[PDB]
Each structure stands twice: as C-alpha cells, then as structure tokens.
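Novice: So that you have it, the file is coords11.pdb, and it contains PDB, C-alpha atoms and all ligand atoms:
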```pdb
ATOM      1  CA  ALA A   1     -62.041-132.088-170.964  1.00  0.00           C
ATOM      2  CA  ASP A   2     -60.876-135.705-171.088  1.00  0.00           C
ATOM      3  CA  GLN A   3     -63.099-138.103-173.034  1.00  0.00           C
ATOM      4  CA  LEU A   4     -64.078-141.103-170.912  1.00  0.00           C
ATOM      5  CA  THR A   5     -63.490-144.439-172.623  1.00  0.00           C
ATOM      6  CA  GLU A   6     -66.597-146.396-173.622  1.00  0.00           C
ATOM      7  CA  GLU A   7     -64.745-149.717-173.471  1.00  0.00           C
ATOM      8  CA  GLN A   8     -63.811-149.969-169.785  1.00  0.00           C
ATOM      9  CA  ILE A   9     -66.659-147.791-168.534  1.00  0.00           C
ATOM     10  CA  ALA A  10     -69.070-149.967-170.526  1.00  0.00           C
ATOM     11  CA  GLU A  11     -67.922-152.768-168.235  1.00  0.00           C
ATOM     12  CA  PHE A  12     -69.086-150.640-165.331  1.00  0.00           C
ATOM     13  CA  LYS A  13     -72.218-150.334-167.445  1.00  0.00           C
ATOM     14  CA  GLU A  14     -72.450-154.129-167.623  1.00  0.00           C
ATOM     15  CA  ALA A  15     -72.905-153.990-163.869  1.00  0.00           C
ATOM     16  CA  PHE A  16     -75.094-150.918-164.086  1.00  0.00           C
ATOM     17  CA  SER A  17     -77.209-153.060-166.443  1.00  0.00           C
ATOM     18  CA  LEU A  18     -77.424-155.969-164.042  1.00  0.00           C
ATOM     19  CA  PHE A  19     -77.584-153.572-161.135  1.00  0.00           C
ATOM     20  CA  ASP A  20     -80.983-152.686-162.584  1.00  0.00           C
ATOM     21  CA  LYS A  21     -82.020-156.354-162.359  1.00  0.00           C
ATOM     22  CA  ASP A  22     -84.472-155.829-165.212  1.00  0.00           C
ATOM     23  CA  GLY A  23     -82.646-154.848-168.401  1.00  0.00           C
ATOM     24  CA  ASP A  24     -83.995-151.328-168.765  1.00  0.00           C
ATOM     25  CA  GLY A  25     -80.783-149.351-168.537  1.00  0.00           C
ATOM     26  CA  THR A  26     -82.137-147.029-165.850  1.00  0.00           C
ATOM     27  CA  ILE A  27     -81.755-147.349-162.076  1.00  0.00           C
ATOM     28  CA  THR A  28     -84.717-146.039-160.082  1.00  0.00           C
ATOM     29  CA  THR A  29     -85.976-146.362-156.505  1.00  0.00           C
ATOM     30  CA  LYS A  30     -88.013-149.248-157.923  1.00  0.00           C
ATOM     31  CA  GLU A  31     -85.157-151.604-158.789  1.00  0.00           C
ATOM     32  CA  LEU A  32     -82.588-149.869-156.594  1.00  0.00           C
ATOM     33  CA  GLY A  33     -84.986-150.173-153.683  1.00  0.00           C
ATOM     34  CA  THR A  34     -85.496-153.876-154.323  1.00  0.00           C
ATOM     35  CA  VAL A  35     -81.780-154.480-153.813  1.00  0.00           C
ATOM     36  CA  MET A  36     -81.494-151.781-151.156  1.00  0.00           C
ATOM     37  CA  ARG A  37     -84.143-153.752-149.240  1.00  0.00           C
ATOM     38  CA  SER A  38     -83.043-157.354-149.832  1.00  0.00           C
ATOM     39  CA  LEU A  39     -79.328-156.501-149.821  1.00  0.00           C
ATOM     40  CA  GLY A  40     -78.821-152.990-148.618  1.00  0.00           C
ATOM     41  CA  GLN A  41     -81.725-153.734-146.276  1.00  0.00           C
ATOM     42  CA  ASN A  42     -81.662-150.336-144.602  1.00  0.00           C
ATOM     43  CA  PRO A  43     -82.150-147.346-146.972  1.00  0.00           C
ATOM     44  CA  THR A  44     -85.406-145.708-145.871  1.00  0.00           C
ATOM     45  CA  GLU A  45     -88.378-145.468-148.233  1.00  0.00           C
ATOM     46  CA  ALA A  46     -87.451-141.824-148.729  1.00  0.00           C
ATOM     47  CA  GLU A  47     -83.688-142.404-148.752  1.00  0.00           C
ATOM     48  CA  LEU A  48     -83.515-144.178-152.127  1.00  0.00           C
ATOM     49  CA  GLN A  49     -85.365-141.097-153.340  1.00  0.00           C
ATOM     50  CA  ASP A  50     -82.728-138.859-151.801  1.00  0.00           C
ATOM     51  CA  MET A  51     -80.157-141.260-153.231  1.00  0.00           C
ATOM     52  CA  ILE A  52     -81.760-141.062-156.670  1.00  0.00           C
ATOM     53  CA  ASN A  53     -82.291-137.298-156.464  1.00  0.00           C
ATOM     54  CA  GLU A  54     -78.665-137.041-155.327  1.00  0.00           C
ATOM     55  CA  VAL A  55     -77.543-138.707-158.545  1.00  0.00           C
ATOM     56  CA  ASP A  56     -80.000-136.766-160.705  1.00  0.00           C
ATOM     57  CA  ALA A  57     -77.261-134.385-161.850  1.00  0.00           C
ATOM     58  CA  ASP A  58     -79.254-134.099-165.041  1.00  0.00           C
ATOM     59  CA  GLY A  59     -82.464-135.225-163.335  1.00  0.00           C
ATOM     60  CA  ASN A  60     -84.157-136.292-166.562  1.00  0.00           C
ATOM     61  CA  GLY A  61     -86.071-139.232-165.124  1.00  0.00           C
ATOM     62  CA  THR A  62     -83.874-141.772-163.358  1.00  0.00           C
ATOM     63  CA  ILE A  63     -80.323-143.104-163.058  1.00  0.00           C
ATOM     64  CA  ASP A  64     -78.418-143.390-166.329  1.00  0.00           C
ATOM     65  CA  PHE A  65     -74.982-144.721-167.299  1.00  0.00           C
ATOM     66  CA  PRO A  66     -73.575-141.152-167.798  1.00  0.00           C
ATOM     67  CA  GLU A  67     -75.028-139.435-164.710  1.00  0.00           C
ATOM     68  CA  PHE A  68     -74.177-142.411-162.499  1.00  0.00           C
ATOM     69  CA  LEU A  69     -70.802-142.576-164.225  1.00  0.00           C
ATOM     70  CA  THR A  70     -69.836-139.044-163.176  1.00  0.00           C
ATOM     71  CA  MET A  71     -71.235-139.222-159.639  1.00  0.00           C
ATOM     72  CA  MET A  72     -69.154-142.377-159.199  1.00  0.00           C
ATOM     73  CA  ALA A  73     -65.997-140.931-160.752  1.00  0.00           C
ATOM     74  CA  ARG A  74     -65.942-137.374-159.408  1.00  0.00           C
ATOM     75  CA  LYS A  75     -67.987-135.396-156.881  1.00  0.00           C
ATOM     76  CA  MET A  76     -67.483-131.757-157.869  1.00  0.00           C
ATOM     77  CA  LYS A  77     -70.302-129.209-157.993  1.00  0.00           C
ATOM     78  CA  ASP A  78     -69.062-125.724-158.879  1.00  0.00           C
ATOM     79  CA  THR A  79     -71.152-122.756-160.021  1.00  0.00           C
ATOM     80  CA  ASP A  80     -70.445-119.583-161.994  1.00  0.00           C
ATOM     81  CA  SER A  81     -73.585-117.648-162.921  1.00  0.00           C
ATOM     82  CA  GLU A  82     -75.823-116.984-159.920  1.00  0.00           C
ATOM     83  CA  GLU A  83     -74.970-113.341-159.266  1.00  0.00           C
ATOM     84  CA  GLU A  84     -78.330-111.994-158.128  1.00  0.00           C
ATOM     85  CA  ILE A  85     -81.132-113.860-156.381  1.00  0.00           C
ATOM     86  CA  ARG A  86     -78.315-116.116-155.166  1.00  0.00           C
ATOM     87  CA  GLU A  87     -79.499-115.581-151.587  1.00  0.00           C
ATOM     88  CA  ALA A  88     -83.111-116.549-152.193  1.00  0.00           C
ATOM     89  CA  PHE A  89     -81.553-119.255-154.354  1.00  0.00           C
ATOM     90  CA  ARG A  90     -79.891-120.862-151.327  1.00  0.00           C
ATOM     91  CA  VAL A  91     -82.942-120.000-149.298  1.00  0.00           C
ATOM     92  CA  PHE A  92     -85.124-121.947-151.730  1.00  0.00           C
ATOM     93  CA  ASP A  93     -82.637-124.732-152.494  1.00  0.00           C
ATOM     94  CA  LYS A  94     -83.242-126.135-148.982  1.00  0.00           C
ATOM     95  CA  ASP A  95     -82.064-129.682-149.810  1.00  0.00           C
ATOM     96  CA  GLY A  96     -79.168-128.428-151.901  1.00  0.00           C
ATOM     97  CA  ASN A  97     -79.756-129.290-155.548  1.00  0.00           C
ATOM     98  CA  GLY A  98     -80.920-126.204-157.403  1.00  0.00           C
ATOM     99  CA  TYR A  99     -84.516-127.106-158.210  1.00  0.00           C
ATOM    100  CA  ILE A 100     -87.543-126.774-155.955  1.00  0.00           C
ATOM    101  CA  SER A 101     -89.753-129.812-156.490  1.00  0.00           C
ATOM    102  CA  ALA A 102     -91.696-129.153-153.283  1.00  0.00           C
ATOM    103  CA  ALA A 103     -89.594-129.971-150.196  1.00  0.00           C
ATOM    104  CA  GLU A 104     -87.937-126.559-150.036  1.00  0.00           C
ATOM    105  CA  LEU A 105     -91.256-124.868-150.721  1.00  0.00           C
ATOM    106  CA  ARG A 106     -92.974-126.846-147.962  1.00  0.00           C
ATOM    107  CA  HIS A 107     -90.590-125.777-145.191  1.00  0.00           C
ATOM    108  CA  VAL A 108     -89.316-122.477-146.609  1.00  0.00           C
ATOM    109  CA  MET A 109     -92.730-121.337-147.856  1.00  0.00           C
ATOM    110  CA  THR A 110     -94.430-122.382-144.600  1.00  0.00           C
ATOM    111  CA  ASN A 111     -91.831-120.676-142.436  1.00  0.00           C
ATOM    112  CA  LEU A 112     -91.511-117.729-144.818  1.00  0.00           C
ATOM    113  CA  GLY A 113     -94.974-116.572-143.759  1.00  0.00           C
ATOM    114  CA  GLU A 114     -97.964-118.714-144.754  1.00  0.00           C
ATOM    115  CA  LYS A 115     -98.590-122.469-144.473  1.00  0.00           C
ATOM    116  CA  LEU A 116     -98.675-124.218-147.841  1.00  0.00           C
ATOM    117  CA  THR A 117    -100.193-127.623-147.135  1.00  0.00           C
ATOM    118  CA  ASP A 118     -98.877-130.642-149.003  1.00  0.00           C
ATOM    119  CA  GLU A 119    -101.680-129.844-151.455  1.00  0.00           C
ATOM    120  CA  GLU A 120    -100.704-126.248-152.208  1.00  0.00           C
ATOM    121  CA  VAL A 121     -96.958-126.862-152.289  1.00  0.00           C
ATOM    122  CA  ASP A 122     -97.543-129.823-154.620  1.00  0.00           C
ATOM    123  CA  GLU A 123     -99.926-128.107-157.040  1.00  0.00           C
ATOM    124  CA  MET A 124     -98.372-124.639-156.759  1.00  0.00           C
ATOM    125  CA  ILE A 125     -95.078-126.111-157.977  1.00  0.00           C
ATOM    126  CA  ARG A 126     -97.035-128.169-160.517  1.00  0.00           C
ATOM    127  CA  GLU A 127     -98.614-125.073-162.028  1.00  0.00           C
ATOM    128  CA  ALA A 128     -95.587-122.933-161.217  1.00  0.00           C
ATOM    129  CA  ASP A 129     -93.308-125.383-163.022  1.00  0.00           C
ATOM    130  CA  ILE A 130     -93.391-123.468-166.319  1.00  0.00           C
ATOM    131  CA  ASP A 131     -91.531-126.175-168.234  1.00  0.00           C
ATOM    132  CA  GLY A 132     -93.388-128.848-166.311  1.00  0.00           C
ATOM    133  CA  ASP A 133     -90.734-131.523-166.740  1.00  0.00           C
ATOM    134  CA  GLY A 134     -91.242-132.836-163.234  1.00  0.00           C
ATOM    135  CA  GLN A 135     -89.402-130.249-161.194  1.00  0.00           C
ATOM    136  CA  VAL A 136     -88.670-126.524-161.053  1.00  0.00           C
ATOM    137  CA  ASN A 137     -85.362-125.528-162.641  1.00  0.00           C
ATOM    138  CA  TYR A 138     -83.892-122.152-161.642  1.00  0.00           C
ATOM    139  CA  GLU A 139     -83.761-121.415-165.380  1.00  0.00           C
ATOM    140  CA  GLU A 140     -87.515-120.872-165.191  1.00  0.00           C
ATOM    141  CA  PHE A 141     -87.339-119.543-161.639  1.00  0.00           C
ATOM    142  CA  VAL A 142     -85.554-116.476-162.992  1.00  0.00           C
ATOM    143  CA  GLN A 143     -87.059-116.399-166.482  1.00  0.00           C
ATOM    144  CA  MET A 144     -90.426-116.105-164.736  1.00  0.00           C
ATOM    145  CA  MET A 145     -89.441-113.691-161.955  1.00  0.00           C
ATOM    146  CA  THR A 146     -86.394-111.866-163.316  1.00  0.00           C
ATOM    147  CA  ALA A 147     -86.974-112.141-167.068  1.00  0.00           C
ATOM    148  CA  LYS A 148     -90.111-110.466-168.417  1.00  0.00           C
TER     149      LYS A 148
ATOM    150  CA  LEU B   1    -107.247-118.735-159.595  1.00  0.00           C
ATOM    151  CA  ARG B   2    -104.322-121.133-160.042  1.00  0.00           C
ATOM    152  CA  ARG B   3    -102.491-120.557-156.753  1.00  0.00           C
ATOM    153  CA  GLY B   4     -98.732-120.051-156.833  1.00  0.00           C
ATOM    154  CA  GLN B   5     -98.016-117.330-159.388  1.00  0.00           C
ATOM    155  CA  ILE B   6     -97.172-114.045-157.666  1.00  0.00           C
ATOM    156  CA  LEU B   7     -97.652-115.986-154.427  1.00  0.00           C
ATOM    157  CA  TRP B   8     -94.256-117.443-153.596  1.00  0.00           C
ATOM    158  CA  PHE B   9     -92.693-114.794-155.844  1.00  0.00           C
ATOM    159  CA  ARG B  10     -93.981-112.242-153.446  1.00  0.00           C
ATOM    160  CA  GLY B  11     -92.743-114.541-150.709  1.00  0.00           C
ATOM    161  CA  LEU B  12     -89.110-113.826-151.529  1.00  0.00           C
ATOM    162  CA  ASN B  13     -90.037-110.170-151.978  1.00  0.00           C
ATOM    163  CA  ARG B  14     -91.386-110.380-148.439  1.00  0.00           C
ATOM    164  CA  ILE B  15     -87.938-111.197-147.085  1.00  0.00           C
ATOM    165  CA  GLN B  16     -86.019-108.434-148.911  1.00  0.00           C
ATOM    166  CA  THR B  17     -88.404-105.758-147.590  1.00  0.00           C
ATOM    167  CA  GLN B  18     -87.799-106.998-144.048  1.00  0.00           C
ATOM    168  CA  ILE B  19     -84.836-109.363-144.463  1.00  0.00           C
ATOM    169  CA  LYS B  20     -84.900-109.772-140.684  1.00  0.00           C
TER     170      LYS B  20
HETATM  171 CA    CA C   1     -85.241-149.774-164.869  1.00  0.00          CA
HETATM  172 CA    CA C   2     -81.259-138.588-164.066  1.00  0.00          CA
HETATM  173 CA    CA C   3     -83.507-128.183-154.028  1.00  0.00          CA
HETATM  174 CA    CA C   4     -88.965-127.046-164.804  1.00  0.00          CA
END
```
Take the structure in the file and write it out as structure tokens.
Ligand SMILES: [Ca+2]
Ligand SMILES: [Ca+2]
Ligand SMILES: [Ca+2]
Ligand SMILES: [Ca+2]
Specialist:
Amino acid sequence: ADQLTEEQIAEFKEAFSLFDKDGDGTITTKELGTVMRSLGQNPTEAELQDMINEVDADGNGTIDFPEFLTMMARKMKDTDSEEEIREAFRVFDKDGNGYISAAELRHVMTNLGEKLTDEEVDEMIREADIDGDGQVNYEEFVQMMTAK
Amino acid sequence: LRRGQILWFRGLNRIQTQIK
C-alpha cells in the first residue's frame, strides 16, 4: 500500500549515504558508533547494537536505505500468525524482536532451569540456528519443533 | 553431542508440564 517515492526519499538516502561516512550504503555500529561517539558521544558500546538490532526489521546484515526508511517513517509492528507457541514465543523473545540470537536464551534458558554459560548459549544457538544466517528466526523455531 | 537440540526444546516443554 502506497509506493514511496524514490526521488525525495533518495535525498534522505543522500544523507544516509554520508551518514555512513564511508560510501558503503550500510549503517552499522562501526560507522554509526564513530559518529555516536564523536557526536552522539553517549550511546553505550552495546546501545548502538540495540539501536542497530532495533532497526533490523529485516535484519539481513546492517542498516539499509529501505529498513531505515520505514523505521524513520512509521513505527508499527503488528502480527497475525502466532496462534500456538505464542506464549513461549514471548517468553523467548525477551528483548522483543522475534528472533533469539542469544540474549533471551541466556536469561530465559538460565532461569528456565539450567545455566547456559555464554559458551553454551552462543554455540547452542549457533548449531540450533538451522538456517544459520546469523540469528534464530521463529520460522525455524517452529519448523524444527512444531513441523516434523 | 552438539548441545542444544532437544535441550532448550525440552526447556519450553518443562514449563508447560509445570507452568508454575
Ligand atoms: Ca558501511
Ligand atoms: Ca538490516
Ligand atoms: Ca528477541
Ligand atoms: Ca535463522
């Protein structure tokens, strides 16, 4: 619904291109942090990560014109599918994204019963991450547990 | 063996059995 113009937006892109202060077309904690430290001079070492992960609507690798474009324009996050396992889903979403890279696991899986050290939680999700794109997307969470 | 599979899957299962 509604096709965003590439003309005006592109202008926003012109900034998003300089905003990268490199000419890569992707904003990551690397470049973003540089400015966030010399300009923003505040954002914690982990914040820019939470800031980047917060913009990772598509979470493909880093900040991109489209993902950053939406997050800047709107801020909606509906959901119409999670019928079952929706409880464990919120229980495992900890942060509040949908994927369990490790954070959620760490706290939830350590409080759930055992104590998955930073080693287990890291590797477990590394080997558990069926797709192995970099994180654990519910799509696999269910396809592995729910789906045969 | 690999650690994880049927580990944290069972975790959730743990809850359900005794949600509280
Ligand atoms: Ca870059
Ligand atoms: Ca992204
Ligand atoms: Ca999450
Ligand atoms: Ca994945």
Novice: Please give me, as a PyMOL selection string, the residues lying within 10 Å of ligand CA 2 (chain C) when counting all atoms listed in the file.
Specialist: chain A and resi 26-28+52-68
Novice: Tell me which residues the PyMOL selection byres (((chain B and resi 1-17) around 8) and not hetatm) grabs here, as a PDB file with C-alpha atoms, in the coordinates of the input.
Specialist:
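What ended up in expr-v5.pdb:
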```pdb
ATOM      1  CA  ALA A  88     -83.111-116.549-152.193  1.00  0.00           C
ATOM      2  CA  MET A 109     -92.730-121.337-147.856  1.00  0.00           C
ATOM      3  CA  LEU A 112     -91.511-117.729-144.818  1.00  0.00           C
ATOM      4  CA  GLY A 113     -94.974-116.572-143.759  1.00  0.00           C
ATOM      5  CA  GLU A 120    -100.704-126.248-152.208  1.00  0.00           C
ATOM      6  CA  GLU A 123     -99.926-128.107-157.040  1.00  0.00           C
ATOM      7  CA  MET A 124     -98.372-124.639-156.759  1.00  0.00           C
ATOM      8  CA  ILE A 125     -95.078-126.111-157.977  1.00  0.00           C
ATOM      9  CA  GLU A 127     -98.614-125.073-162.028  1.00  0.00           C
ATOM     10  CA  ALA A 128     -95.587-122.933-161.217  1.00  0.00           C
ATOM     11  CA  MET A 145     -89.441-113.691-161.955  1.00  0.00           C
TER      12      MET A 145
ATOM     13  CA  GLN B  18     -87.799-106.998-144.048  1.00  0.00           C
ATOM     14  CA  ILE B  19     -84.836-109.363-144.463  1.00  0.00           C
ATOM     15  CA  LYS B  20     -84.900-109.772-140.684  1.00  0.00           C
TER      16      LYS B  20
END
```
Novice: May I have the residues within 8 Å of ligand CA 1 (chain C), computed using only C-alpha atoms and all ligand atoms, as a PyMOL selection string?
Specialist: chain A and resi 20-28+30-31
Novice: Report the distance between atom CA of residue 90 of chain A and atom CA of residue 74 of chain A in Å, rounded to one decimal place.
Specialist: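 Separation of atom CA of residue 90 of chain A and atom CA of residue 74 of chain A: 23.1 Å.
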Novice: Name every residue that the PyMOL selection byres (((not hetatm)) within 10 of (chain C and resi 4)) selects in this structure, writing the answer as a list in words with chains first and numbers rising.
Specialist: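 For this structure, the PyMOL selection byres (((not hetatm)) within 10 of (chain C and resi 4)) resolves to residues 99, 100, 101, 125, 126, 128, 129, 130, 131, 132, 133, 134, 135, 136, 137, 138, 139, 140 and 141 of chain A.
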Novice: Kindly resolve the PyMOL selection byres (((not hetatm)) within 6 of (chain C and resi 3)) on the present coordinates and return the residues as a ChimeraX atom specification.
Specialist: /A:93-100
Novice: Would you compute the distance between atom CA of residue 71 of chain A and atom CA of residue 85 of chain A? Give it in Å to one decimal.
Specialist: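 Atom-to-atom, atom CA of residue 71 of chain A and atom CA of residue 85 of chain A are spaced 27.4 Å apart.
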Novice: Which residue out of A:14, A:2, A:119, A:45 has the minimum interatomic distance to chain B when only C-alpha atoms are used?
Specialist: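 Counting only C-alpha atoms, the residue closest to chain B is A:119.
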Novice: Report, in Å with one decimal, the straight-line distance from atom CA of residue 40 of chain A to atom CA of residue 72 of chain A.
Specialist: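 Atom-to-atom, atom CA of residue 40 of chain A to atom CA of residue 72 of chain A, that is 17.8 Å.
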Novice: Nearest to chain B among A:3, A:42, A:110, A:8, with distances taken over all atoms listed in the file: which residue is it?
Specialist: A:110
Novice: Adding 4 Å on each side of the box along x, y and z that holds all listed atoms of segment 1-11 of chain B, could you give its centre and edge lengths in Å to one decimal, as lines of an AutoDock Vina configuration file?
Specialist:
```
center_x = -100.0
center_y = -116.7
center_z = -155.4
size_x = 22.6
size_y = 16.9
size_z = 17.3
```
Novice: Could segment 3-37 of chain A be completed with N, CA and C atoms and returned as a PDB file, in the frame of the given file?
Specialist:
```pdb
ATOM      1  N   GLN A   3     -61.986-137.296-172.545  1.00  0.00           N
ATOM      2  CA  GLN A   3     -63.099-138.103-173.034  1.00  0.00           C
ATOM      3  C   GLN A   3     -63.059-139.503-172.431  1.00  0.00           C
ATOM      4  N   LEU A   4     -64.013-139.796-171.555  1.00  0.00           N
ATOM      5  CA  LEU A   4     -64.078-141.103-170.912  1.00  0.00           C
ATOM      6  C   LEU A   4     -64.191-142.218-171.945  1.00  0.00           C
ATOM      7  N   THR A   5     -63.462-143.301-171.714  1.00  0.00           N
ATOM      8  CA  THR A   5     -63.490-144.439-172.623  1.00  0.00           C
ATOM      9  C   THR A   5     -64.813-145.172-172.492  1.00  0.00           C
ATOM     10  N   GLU A   6     -65.330-145.664-173.610  1.00  0.00           N
ATOM     11  CA  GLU A   6     -66.597-146.396-173.622  1.00  0.00           C
ATOM     12  C   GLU A   6     -66.359-147.892-173.435  1.00  0.00           C
ATOM     13  N   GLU A   7     -65.107-148.314-173.601  1.00  0.00           N
ATOM     14  CA  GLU A   7     -64.745-149.717-173.471  1.00  0.00           C
ATOM     15  C   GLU A   7     -64.779-150.172-172.013  1.00  0.00           C
ATOM     16  N   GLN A   8     -63.883-149.616-171.200  1.00  0.00           N
ATOM     17  CA  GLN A   8     -63.811-149.969-169.785  1.00  0.00           C
ATOM     18  C   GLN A   8     -65.092-149.570-169.060  1.00  0.00           C
ATOM     19  N   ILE A   9     -65.451-148.296-169.168  1.00  0.00           N
ATOM     20  CA  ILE A   9     -66.659-147.791-168.534  1.00  0.00           C
ATOM     21  C   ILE A   9     -67.841-148.712-168.830  1.00  0.00           C
ATOM     22  N   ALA A  10     -67.999-149.065-170.104  1.00  0.00           N
ATOM     23  CA  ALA A  10     -69.070-149.967-170.526  1.00  0.00           C
ATOM     24  C   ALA A  10     -69.150-151.158-169.580  1.00  0.00           C
ATOM     25  N   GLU A  11     -67.981-151.658-169.174  1.00  0.00           N
ATOM     26  CA  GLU A  11     -67.922-152.768-168.235  1.00  0.00           C
ATOM     27  C   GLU A  11     -68.664-152.368-166.973  1.00  0.00           C
ATOM     28  N   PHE A  12     -68.385-151.157-166.496  1.00  0.00           N
ATOM     29  CA  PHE A  12     -69.086-150.640-165.331  1.00  0.00           C
ATOM     30  C   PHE A  12     -70.574-150.608-165.660  1.00  0.00           C
ATOM     31  N   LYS A  13     -70.861-150.363-166.941  1.00  0.00           N
ATOM     32  CA  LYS A  13     -72.218-150.334-167.445  1.00  0.00           C
ATOM     33  C   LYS A  13     -72.821-151.733-167.364  1.00  0.00           C
ATOM     34  N   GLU A  14     -72.001-152.744-167.671  1.00  0.00           N
ATOM     35  CA  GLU A  14     -72.450-154.129-167.623  1.00  0.00           C
ATOM     36  C   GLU A  14     -73.008-154.448-166.242  1.00  0.00           C
ATOM     37  N   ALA A  15     -72.439-153.812-165.220  1.00  0.00           N
ATOM     38  CA  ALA A  15     -72.905-153.990-163.869  1.00  0.00           C
ATOM     39  C   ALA A  15     -74.120-153.118-163.688  1.00  0.00           C
ATOM     40  N   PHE A  16     -74.000-151.876-164.146  1.00  0.00           N
ATOM     41  CA  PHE A  16     -75.094-150.918-164.086  1.00  0.00           C
ATOM     42  C   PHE A  16     -76.320-151.455-164.840  1.00  0.00           C
ATOM     43  N   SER A  17     -76.114-152.466-165.687  1.00  0.00           N
ATOM     44  CA  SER A  17     -77.209-153.060-166.443  1.00  0.00           C
ATOM     45  C   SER A  17     -77.837-154.174-165.627  1.00  0.00           C
ATOM     46  N   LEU A  18     -76.988-154.891-164.904  1.00  0.00           N
ATOM     47  CA  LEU A  18     -77.424-155.969-164.042  1.00  0.00           C
ATOM     48  C   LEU A  18     -77.918-155.377-162.734  1.00  0.00           C
ATOM     49  N   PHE A  19     -77.251-154.306-162.334  1.00  0.00           N
ATOM     50  CA  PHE A  19     -77.584-153.572-161.135  1.00  0.00           C
ATOM     51  C   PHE A  19     -79.057-153.177-161.169  1.00  0.00           C
ATOM     52  N   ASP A  20     -79.587-153.045-162.383  1.00  0.00           N
ATOM     53  CA  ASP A  20     -80.983-152.686-162.584  1.00  0.00           C
ATOM     54  C   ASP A  20     -81.887-153.912-162.426  1.00  0.00           C
ATOM     55  N   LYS A  21     -81.291-155.105-162.504  1.00  0.00           N
ATOM     56  CA  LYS A  21     -82.020-156.354-162.359  1.00  0.00           C
ATOM     57  C   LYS A  21     -83.343-156.328-163.119  1.00  0.00           C
ATOM     58  N   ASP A  22     -83.279-155.897-164.371  1.00  0.00           N
ATOM     59  CA  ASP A  22     -84.472-155.829-165.212  1.00  0.00           C
ATOM     60  C   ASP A  22     -84.119-155.728-166.699  1.00  0.00           C
ATOM     61  N   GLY A  23     -83.044-155.009-167.015  1.00  0.00           N
ATOM     62  CA  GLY A  23     -82.646-154.848-168.401  1.00  0.00           C
ATOM     63  C   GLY A  23     -83.323-153.653-169.040  1.00  0.00           C
ATOM     64  N   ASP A  24     -83.366-152.552-168.300  1.00  0.00           N
ATOM     65  CA  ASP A  24     -83.995-151.328-168.765  1.00  0.00           C
ATOM     66  C   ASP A  24     -82.950-150.266-169.074  1.00  0.00           C
ATOM     67  N   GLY A  25     -81.846-150.313-168.339  1.00  0.00           N
ATOM     68  CA  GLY A  25     -80.783-149.351-168.537  1.00  0.00           C
ATOM     69  C   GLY A  25     -80.977-148.094-167.708  1.00  0.00           C
ATOM     70  N   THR A  26     -81.863-148.168-166.716  1.00  0.00           N
ATOM     71  CA  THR A  26     -82.137-147.029-165.850  1.00  0.00           C
ATOM     72  C   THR A  26     -82.398-147.497-164.422  1.00  0.00           C
ATOM     73  N   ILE A  27     -81.617-146.975-163.481  1.00  0.00           N
ATOM     74  CA  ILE A  27     -81.755-147.349-162.076  1.00  0.00           C
ATOM     75  C   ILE A  27     -82.655-146.371-161.328  1.00  0.00           C
ATOM     76  N   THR A  28     -83.780-146.872-160.821  1.00  0.00           N
ATOM     77  CA  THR A  28     -84.717-146.039-160.082  1.00  0.00           C
ATOM     78  C   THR A  28     -85.007-146.651-158.717  1.00  0.00           C
ATOM     79  N   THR A  29     -85.644-145.880-157.842  1.00  0.00           N
ATOM     80  CA  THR A  29     -85.976-146.362-156.505  1.00  0.00           C
ATOM     81  C   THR A  29     -86.669-147.721-156.580  1.00  0.00           C
ATOM     82  N   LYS A  30     -87.310-147.987-157.715  1.00  0.00           N
ATOM     83  CA  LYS A  30     -88.013-149.248-157.923  1.00  0.00           C
ATOM     84  C   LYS A  30     -87.057-150.431-157.821  1.00  0.00           C
ATOM     85  N   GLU A  31     -86.131-150.519-158.772  1.00  0.00           N
ATOM     86  CA  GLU A  31     -85.157-151.604-158.789  1.00  0.00           C
ATOM     87  C   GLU A  31     -84.102-151.405-157.708  1.00  0.00           C
ATOM     88  N   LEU A  32     -83.593-150.182-157.598  1.00  0.00           N
ATOM     89  CA  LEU A  32     -82.588-149.869-156.594  1.00  0.00           C
ATOM     90  C   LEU A  32     -83.111-150.207-155.204  1.00  0.00           C
ATOM     91  N   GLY A  33     -84.380-149.889-154.967  1.00  0.00           N
ATOM     92  CA  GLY A  33     -84.986-150.173-153.683  1.00  0.00           C
ATOM     93  C   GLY A  33     -85.069-151.662-153.413  1.00  0.00           C
ATOM     94  N   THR A  34     -85.392-152.429-154.449  1.00  0.00           N
ATOM     95  CA  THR A  34     -85.496-153.876-154.323  1.00  0.00           C
ATOM     96  C   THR A  34     -84.211-154.447-153.735  1.00  0.00           C
ATOM     97  N   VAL A  35     -83.079-154.026-154.290  1.00  0.00           N
ATOM     98  CA  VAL A  35     -81.780-154.480-153.813  1.00  0.00           C
ATOM     99  C   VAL A  35     -81.447-153.823-152.478  1.00  0.00           C
ATOM    100  N   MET A  36     -81.747-152.536-152.377  1.00  0.00           N
ATOM    101  CA  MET A  36     -81.494-151.781-151.156  1.00  0.00           C
ATOM    102  C   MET A  36     -82.310-152.330-149.984  1.00  0.00           C
ATOM    103  N   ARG A  37     -83.295-153.179-150.280  1.00  0.00           N
ATOM    104  CA  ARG A  37     -84.143-153.752-149.240  1.00  0.00           C
ATOM    105  C   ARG A  37     -83.765-155.202-148.944  1.00  0.00           C
TER     106      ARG A  37
END
```
